[PDB]
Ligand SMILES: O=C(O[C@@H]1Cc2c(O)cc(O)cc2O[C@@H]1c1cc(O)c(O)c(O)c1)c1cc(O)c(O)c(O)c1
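This document starts with one chain, in the form solved without the ligand, laid out as C-alpha cells.
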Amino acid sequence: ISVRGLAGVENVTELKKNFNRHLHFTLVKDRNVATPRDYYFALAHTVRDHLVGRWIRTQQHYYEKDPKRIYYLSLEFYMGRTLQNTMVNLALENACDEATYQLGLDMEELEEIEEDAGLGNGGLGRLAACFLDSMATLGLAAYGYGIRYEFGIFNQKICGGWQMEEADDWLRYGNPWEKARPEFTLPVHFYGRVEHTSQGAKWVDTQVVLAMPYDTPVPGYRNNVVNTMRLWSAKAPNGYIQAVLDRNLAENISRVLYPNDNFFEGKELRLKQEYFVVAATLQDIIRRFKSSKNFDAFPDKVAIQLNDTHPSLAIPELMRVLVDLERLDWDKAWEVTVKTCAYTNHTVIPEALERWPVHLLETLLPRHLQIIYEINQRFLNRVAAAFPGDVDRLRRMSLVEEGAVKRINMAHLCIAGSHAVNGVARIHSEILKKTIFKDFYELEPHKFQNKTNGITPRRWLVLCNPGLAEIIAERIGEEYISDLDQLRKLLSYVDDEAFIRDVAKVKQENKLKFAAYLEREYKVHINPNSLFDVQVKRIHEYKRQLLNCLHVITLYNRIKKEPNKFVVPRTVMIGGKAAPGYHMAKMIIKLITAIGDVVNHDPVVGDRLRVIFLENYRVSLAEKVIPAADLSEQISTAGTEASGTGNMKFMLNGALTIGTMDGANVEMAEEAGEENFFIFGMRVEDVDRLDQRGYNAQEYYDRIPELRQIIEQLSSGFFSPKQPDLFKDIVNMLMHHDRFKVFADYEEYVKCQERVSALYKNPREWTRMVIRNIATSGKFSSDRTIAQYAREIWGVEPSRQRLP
C-alpha cells in the first residue's frame, strides 16, 4: 500500500536495531522469553523515539516565534491507541512493517496489544481527540489540557445478556507515549473562606491538592509538528498511618472518568475534577504569557476554548487570578476574559446541562461563587439597559436559577463570559439561537456561530481502512489525506467499472476481516454475505436503539409470516455502553440480546437474519466495525442529536446512511444529495407539532397491526419466557412516557428500510451510491472544522507548511 510510505533500507536497518536495543535495555528481556506484549512495547518505544526531536523542536519553535496560543480545555480526550497513528503521521508504517516482518513478527498482531486510551464517553471525547490531531496537522500552537484518569470508561462485559462494568485499568502495563513531568507540578486549592481587606479579596485557609502534569505528543500529518496534550494527575500535598492512607482522598480527584454520556450528575467529586483541570491549566497559561514577549495583550496571545461547560470555571478562575492576584481593575479583567474565552455547546437535552447548586459552590469554591454573583449582576445590568422593563428576561437570562435548590447555570455563565458561542452542526446552532439561547442571541447576536463537527481522515480512513485509502490514492493521489474536499474528484468514477469493482472488493474484504475478528476474539459467527446493518453509539433513549429493535422484530415476524419469501440477508449489529445508573439503557441492552436469543436460534430464519450485540464498543472497535459496515443507523429523534460524528466515519468508510434529519445528518444528506441517502421520519417541525397537540403512543398502537404484534410479544414474555414481565418497563415507557416518540417514526422507518434492502439487491447500484457518498464526505474532515475555529474564533491562520 503506497499511502503507507517507504521502507528504506537504512531506515528498516535502524528500526530493527532500535527494536532490539529497547527489548534489551528498556524492557530488560531476552528473545527466548519475550512475549508478543514485550515485542509490542519494543516497537512502541522504537516508534516513540521518532517523535522526540520534533516534539522538542516544535515547542521550542513556539517559544521562539511566540504565536497566539490555543488552549483547548476538556474533561475528556478519547484518544484510543497511539502506535499506528504515530507511524502513519510520521510516514513510518511500511518501514516498521518491513522491519518487524524481517524480525519474524506481524506488526498488526502487535498493534492489537495496545490498550485504547479511553478517557472519553463518546462523541464529545472523540471530537476532542480528532481536534488535537487536526490542530497539529494545521500547524497551530495548540495545547490540549485535561485530566489523566487512572480509569477511563469502564470495560463492558455482557453476562447473561446484561451489561456488567469492569474497571478499565489501561495503565497496568504502562503508557510508553506520555512523559511524566513532576517538576512542573502545581497547587490547586479547595474550600477555604474569603477575607476582604485593604488589598481587596483573599482566598485563605484552603486545602491543597497538587496537579502533576503528564505530557503526550500529538503529531500532525507529515508536517513535522508535534504538539502536546497535558493531562493533570492529582497528588496529596507534602494517627500517622491513617494520615498517610488518607492521601487517597485528594488523589481520588483523577481516579476515574464519570461514565455519563449526555447526562449531568451533580456530584461534588465531578466539580472537583472540573476546577482541578481549570486551576492548574490556567496557571500554565499565565506563566507562558508572562515569559513571552502586559495583560492588555493577553487575548492576542491566548485563546481558551471550552469543550462544553465542563471547564466553565475557567471564566471566574481567570477573573480571580486577574483581579485578586494580578490586581487588575474588574472592568479591564472582564474585557480580557471575554476576549480570551469561547464556548462550544454540544447538547440541548435539558438533563445534560450543568446546573450546580450554589451551596456546593459556596462550600468548595467560595471565591468563585462571589465572582460569579458579581459577573451576573453586571451582566443583568446590561440586559436591563438593553431591554428596559423586561423583567422576565432578567429572570430567564440570570446565571442564577431560583428553586428550592438555588443553582448556577453554567451555560449562561459561559455565554456571558465568552466572545463566541458555537453549536456543533448547522441545525443545532440554529436551534440554539431560536430556543435555548434565544434571549442571549437577541442581546448579542454576533457572539453566536456554528462549527459543524468533523472527524480526522487519518485515524478514520488511512488507519482504519487502508484498502479504501489505497484505491482512492491510486486514482487521485495522496493530497486528499490532509485536504479531504479532494475526494469530490471521485465523482468522476461513478461509472468507472474498475473503481466500482474495487470499492465493492474493499468493503467485502473489511467484512471478512471483521467476521474473522468476531470469531477469534468473541467466538461469534456472522454471515459474511449479508448486509451489515450497524448501529454503534452510546445506549440512549434519544438515539432510539429501541426503534432499531422494533424494526428487527418486524423483520423476524415477517419472515415467520411468509417463510418462503426471499429477503435480503442481514446481520444487524448494535453496540454501545450504557451509563451504569441509567436503568432504561440497561434494559435496552438486555432486550437487544434477548431478541437475538430468539431470532438467532429459529431454524426457519437460518442465516437470513442475525441480531448481535457488539460488546465493549470503543474507539478501537469503531476502527474495525465501521469500515465493514454496509448500512449506518443514525436514527435519533429529530432535534435531539446535536451533531453526531459516528455518522460522518460511516460515510467516509463506504456505508450508506439511514437516518432522520437530525444533527449533521442534514448536512451529510445535503452534501451527497438526498437521492443518495435514506432519510426518513419526522423533521423537527413535525416533532414540535406533535408536542403541541400531545403525543399519544396508543394511537399508533391502535392503528398499526404489526406494531401491536411486537408490543404484545414483549408484554407477554415472548422474548423472556422464564421471566414473562422482564420488559414491562420498556413497554410502559413506550406506551406512556416516550419523550422520543419511537412509535411515531416506526412506519416510515420500516418502509425506508425496505427501500434499503431493494437497493442492496442491486450490488452495482448500491456501490455507485456508495461512491457518491464517499466522494462528498470531504466537508466532514476535522481539518475543515478546526480551520473554521482558527479563522472565525481564535483569530489565527492555519498552515500546512512543514517544519524542518
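The first residue of the shown sequence is 1; numbering continues from there.
In terms of unmodelled positions of the deposited sequence, the stretch from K293 to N294 in this entry skips 4 to 9 residues. The gap between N238 and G239 holds 10 or more unmodelled residues of the deposited sequence.
For the pair 415-423 and 354-362, the mean B factor over Cα atoms is greater in 354-362. Of the two stretches examined, 331-339 and 520-528, the record assigns the greater average C-alpha temperature factor to 520-528. Ranking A384, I455, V552, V534 by Cα temperature factor from the entry places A384 first. Residues shown: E671, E265, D686, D662. Highest C-alpha temperature factor in the entry: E265. In this PDB entry, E374 carries a Cα temperature factor that places it within the middle third of its chain's modelled residues. When the modelled residues of the chain are ordered by their C-alpha B factor, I793 lands in the middle third. Annotation for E641: C-alpha temperature factor in the lowest third relative to the rest of the modelled chain, per the entry. Placement of the Cα temperature factor of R755 within the chain: lowest third of the modelled residues, per the deposited record. Split the chain's modelled residues into thirds by C-alpha temperature factor. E765 is in the middle one.
This next part talks about the form solved in complex with the ligand, which is not shown.
From the list 491-499, 520-528, 94-102, 686-694, the contact stretch for the ligand in the deposited complex under a 4.5 Å heavy atom rule is 520-528.
With a 4.5 Å cutoff on heavy atoms, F514 counts as touching the ligand in the deposited complex.
Of the heavy atoms in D329, none are within 4.5 Å of the ligand in the deposited complex. By the criterion of a heavy atom within 4.5 Å, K624 is counted among the residues contacting the ligand in the deposited complex. Interface residue remark: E675 is not counted as part of the site for the ligand in the deposited complex, having no heavy atom within 4.5 Å.
This chain lacks the partner; the member of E109, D597, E430, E470 within 4.5 angstroms of the ligand in the deposited complex by a non-hydrogen atom is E109.
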